[PDB]
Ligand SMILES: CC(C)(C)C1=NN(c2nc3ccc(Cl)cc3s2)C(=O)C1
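Have a look below at one chain only, the form solved without the named molecule, in structure tokens format.
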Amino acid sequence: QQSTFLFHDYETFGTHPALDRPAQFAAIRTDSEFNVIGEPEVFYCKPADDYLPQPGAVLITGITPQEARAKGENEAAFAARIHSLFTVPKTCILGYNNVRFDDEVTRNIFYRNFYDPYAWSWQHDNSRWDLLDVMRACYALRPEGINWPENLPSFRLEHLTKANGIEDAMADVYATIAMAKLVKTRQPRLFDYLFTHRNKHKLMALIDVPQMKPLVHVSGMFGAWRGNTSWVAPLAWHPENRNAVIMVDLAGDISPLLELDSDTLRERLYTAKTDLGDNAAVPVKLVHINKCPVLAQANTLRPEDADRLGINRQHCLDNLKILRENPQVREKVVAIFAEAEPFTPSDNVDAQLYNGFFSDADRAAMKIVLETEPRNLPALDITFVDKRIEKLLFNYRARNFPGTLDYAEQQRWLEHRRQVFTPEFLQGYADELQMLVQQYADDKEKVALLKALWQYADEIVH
């Protein structure tokens, strides 16, 4: 057991990790110095017959459902394959924007196919990381030694590689490795600091709530116009999510926090910028310590870089001093999150991963499912406590092993498909394709893609 990194990327048929499906997965394993270990893998996932890909996604990836169907395996097999790669001990699974996207795909694919949704990222000394915020952090805090493309800095891999003398899912993986190498070379101490601080316990320690100790925070939510950076201070741990802390963005306008009550603050917080009119935005942001957030002591952002980024230290310090003497603000921000309407998921079991953890007993039961021949599942004498499992099991069987359904199950699946491919859904889908063909009438390649999508839909619904 030697420590390795497993760089990876998915291409999918849509943006929703629960309701859309993966098309392709690519991975490359390296040692701690980013020398390639073994052989790159890239493989496709065959979409089940109750799904149509989002046209926008296919135009981005160039991957048709026909293509994935032809050279992919079903999702049960696609899941097992990735699961075996991910659960090699002492693996740090990472990518580029994976925490907010690819990792969610992983969790849901495991969930739908009876694998633990999270163990790949913690068990047997595994962990995860994400190079996107590393690049953003390097640009904001220690940009020396690297060339940063702009027009506003860009963090697209293609732009980042071109600007630093460096040469598709597999392509993205190779490029992510190259940026990792670069930053480790030019800013080894920042790199190692970020790597060690992927651990939520090192992060948690930086937060001091009673003191409102200020920190620098680099986040895509701050925006390129300020180099994704600001000084923040913790107001309270989130009342419902123990892995979230409520931060004030010290660079913002704290008026609303002092003036408004929690109900108006909540309303305002979830108001679109373009709907705010006269009113100041609420300068509150959640930091999720289990999501590899970039946090460091306040002085990690040098005055020269605050200046470069257009961030005003005295303004932040001013806000901080005022907040420290207005503790009533803490109560109010917690209320924004504590007194909100609970989130009720839809009755679609695909969307219920976050309803709760499964028990040890259910895990044992799911383990047996995975060890049973599909043809023998119907005869499987077993019982489940979590009410999601029977629903997941029916979907699992119908999507992956349709030959194993009895007549009544066949009829149920037929009704499910009809309830998906309604005349209203099919017409929305037709109108989207027609709109896109118009938008791209001059582009032979995209038009052929849109034609494939129409043909796939026609086939699947007849």
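We number the residues from 1 along the sequence you see. Heads up, when I say rigid core I mean the largest set of C-alphas that superpose within 1.5 Å between the two forms.
Just so it is clear, the following notes concern the form solved in complex with the named molecule, a form of the same protein that is not shown.
Novice: Please state whether every one of the three residues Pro214, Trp231 and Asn299 places a non-hydrogen atom within 4.5 angstroms of the named molecule in the deposited bound form.
Specialist: Per the other structure, all of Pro214, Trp231 and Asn299 touch the named molecule.
Novice: In terms of non-hydrogen atoms within 4.5 angstroms, which of the given stretches 315-323, 257-265, 121-129, 175-183 touches the named molecule in the deposited bound form?
Specialist: Contact-bearing stretch, as computed: 315-323.
Novice: Is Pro303 close enough to touch the named molecule in the deposited bound form, meaning at least one heavy atom pair within 4.5 Å?
Specialist: Because a heavy atom of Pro303 falls inside 4.5 Å of the named molecule in the deposited bound form, the answer is yes.
Novice: If you check in the deposited bound form, is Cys292 within 4.5 Å of the named molecule, heavy atoms only?
Specialist: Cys292: no, not in contact with the named molecule in the deposited bound form.
Novice: Spell out, yes or no, whether the shortest heavy atom distance between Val287 and the named molecule in the deposited bound form is within 4.5 Å.
Specialist: No, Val287 stays farther than 4.5 Å from the named molecule in the deposited bound form.
Novice: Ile336 near the named molecule in the deposited bound form, any heavy atom under 4.5 Å?
Specialist: So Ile336 does not count as contacting the named molecule.
Novice: Which one of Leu392, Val282, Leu250, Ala79 is close to the named molecule in the deposited bound form, taking close to mean a heavy atom within 4.5 Å?
Specialist: It is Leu250 that has a heavy atom within 4.5 Å of the partner.
Novice: When the rigid core of both forms is overlaid, which of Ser84, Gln297, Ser359, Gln123 is the one whose C-alpha moves 2 angstroms or more between the shown form and the other one?
Specialist: The one that shifts is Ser359.
Novice: If you line up the core, does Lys321 shift 2 angstroms or more at its C-alpha between the shown form and the other one?
Specialist: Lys321: C-alpha displaced by less than 2 Å between the shown form and the other one.
Novice: Quick one: once the rigid core is lined up, does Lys387 have its C-alpha move by 2 Å or more between the shown form and the other one?
Specialist: Shift at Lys387: 2 Å or more after core fit.
Novice: Superposed on the rigid core, does the Cα of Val437 end up 2 angstroms or more away between the shown form and the other one?
Specialist: Moves: yes, 2 Å or greater.
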